[PDB]
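Before any comments, here is the structure.
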């Protein structure tokens with residue numbers, strides 16, 4: 011495959027309905043669709059949401075931190091939704107990735123406000139910002155952003 | 011001084027009263043007191059809150075990102091409140107600092123829940139977590155945490 015591996019990040023705990031103990035199937039659908047987008051080409055995807063049963067089976071904080079950091083480091087590209095409101099864990103990961111010089115694509119909801127230390131990464135780290143209004147738009151544009159950051 | 015420089019981080023935008031355009035004086039007081047704690051010993055403090063007029067004068071996202079990253083890198087120690095709710099920018103910085111192997115002290119409100127990728131850094135990065143119930147407790151314990159992480 012052109013892309014050997016990706017780490018896919020995004021809000022996790024805040025998407026977990028504490029009445030159900032998992033993420034809704036609509037939220038799971040966004041991630042599983044992007045995962046399939048990559049796996050269908052033989053690209054390895056690392057992703058905590060799928061890894062931890064969509065919220066049913068959280069790892070310990072030490073374990074989550076270790077695996078997330080290791081897999082971001084191993085992956086060729088880091089692709090993440092910073093989240094609205096902001097995902098604390100994903101923002102730590104954005105720090106790890108940008109501080110490491112990891113190629114990254116940030117998926118930002120169109121017309122939503124994101125942190126200065128997220129949007130300010132554009133053309134200062136190896137990052138591309140992809141603004142979107144639906145899942146289909148992400149699916150249709152993501153490979154371009156990925157290829158551009160990988161090429162740098 | 012024992013500590014040459016510190017970067018002090020914490021929630022910024024979320025503390026900015028959009029009716030007043032700045033942080034309240036109570037919130038400014040927490041930071042100015044910690045700044046004085048270090049400056050009174052000749053330690054250089056970098057801090058975006060004081061730098062940007064407590065919210066009155068935000069830099070551009072690119073500028074904030076560049077200065078924050080540069081000053082965290084220059085500082086001997088990174089001291090930050092991750093915030094409740096989480097500060098997006100501070101979480102990016104926590105990523106930068108931990109990914110860099112920067113000595114760090116995280117100031118966490120006692121009995122509040124923080125992200126797994128924050129608390130999970132304990133004994134996996136050069137970090138000490140300082141739980142607190144008031145400003146005075148931070149002031150009274152901070153040098154110990156700082157000295158321990160610097161010594162590693």
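Residue numbers (the UniProt record's numbering), protein chains in the order written: chain B, 11 to 162; chain H, 11 to 162.
Ideal Cβ placement from N, Cα and C applies to all residues, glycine included.
Got a sec, what are the start and stop residues for the beta strand (DSSP E) residue i sits in?
{"i": "residue 140/H", "result": "137 to 142"}
{"i": "residue 118/H", "result": "114 to 119"}
{"i": "residue 18/B", "result": "15 to 19"}
Which residue's Cα is closest to the Cα of residue i: the options?
{"i": "residue 16/B", "options": "79/B, 54/B, 112/B, 91/B", "result": "54/B"}
{"i": "residue 21/B", "options": "33/B, 76/B, 79/B", "result": "33/B"}
{"i": "residue 122/B", "options": "115/B, 94/B, 23/B, 74/B", "result": "94/B"}
{"i": "residue 107/B", "options": "68/B, 37/B, 137/B", "result": "137/B"}
{"i": "residue 71/H", "options": "27/B, 144/B, 158/B, 135/B", "result": "135/B"}
{"i": "residue 12/B", "options": "117/B, 162/B, 51/B, 73/B", "result": "51/B"}
{"i": "residue 76/B", "options": "109/H, 78/H, 101/H, 36/H", "result": "109/H"}
Just to confirm the assignment, what range does the alpha helix (DSSP H) spanning residue i have?
{"i": "residue 108/B", "result": "98 to 110"}
{"i": "residue 44/H", "result": "35 to 49"}
{"i": "residue 53/H", "result": "Counting along the chain, residue 53/H falls outside any alpha helix (DSSP H), and DSSP gives it neither H nor E."}
{"i": "residue 162/H", "result": "Counting along the chain, residue 162/H falls outside any alpha helix (DSSP H), and DSSP gives it neither H nor E."}
{"i": "residue 127/H", "result": "126 to 129"}
Taking 6 Å as the limit between beta carbons, can you name the residues of its chain near residue i, skipping five residues before and five after?
{"i": "residue 96/H", "result": "none"}
{"i": "residue 155/H", "result": "115, 138, 140"}
Provide the residue(s) that pair with residue i in DSSP beta bridges, ordered along the chain.
{"i": "residue 91/B", "result": "Partner(s): none; residue 91/B has no beta bridge."}
{"i": "residue 78/B", "result": "Paired residue(s): none; residue 78/B is not in a bridge."}
{"i": "residue 154/H", "result": "The partner list for residue 154/H (beta bridge, DSSP) is empty, contrary to what the question assumes."}
{"i": "residue 26/H", "result": "33/H"}
Can you find the residues in the same chain that come closer than 7 Å, C-beta to C-beta, to residue i, ignoring five residues on each side of it along the sequence?
{"i": "residue 84/B", "result": "15"}
{"i": "residue 143/B", "result": "120"}
Do residue i and the ligand SAH come close, with the Cβ less than 6 Å from some heavy atom?
{"i": "residue 20/B", "result": "Among the ligands in the structure shown, none appear at all, so the ligand SAH cannot be discussed."}
If you drop the 5 nearest sequence neighbours on each side, which residues of the same chain put their C-beta closer than 8 Å to that of residue i?
{"i": "residue 47/B", "result": "149, 152"}
{"i": "residue 158/H", "result": "138"}
Which residues, in chain order, does the stretch 130 to 159 of chain B contribute to contact with chain H at a C-beta distance below 8 Å? 130, 131, 132, 133, 134
Near-chain B residues of the stretch 99 to 129 of chain H - C-beta to any C-beta below 9 Å: 99, 100, 101, 102, 103, 104, 105, 106, 107, 108, 109, 110, 124, 125, 126, 127, 128, 129
Output needed in chain order: residues of the stretch 75 to 88 of chain B with a Cβ under 7 Å from some Cβ in chain H. 75, 76, 78
Chain H contacts from the stretch 50 to 74 of chain B (Cβ-Cβ distance under 9 Å): 68, 69, 70, 71, 72, 73, 74
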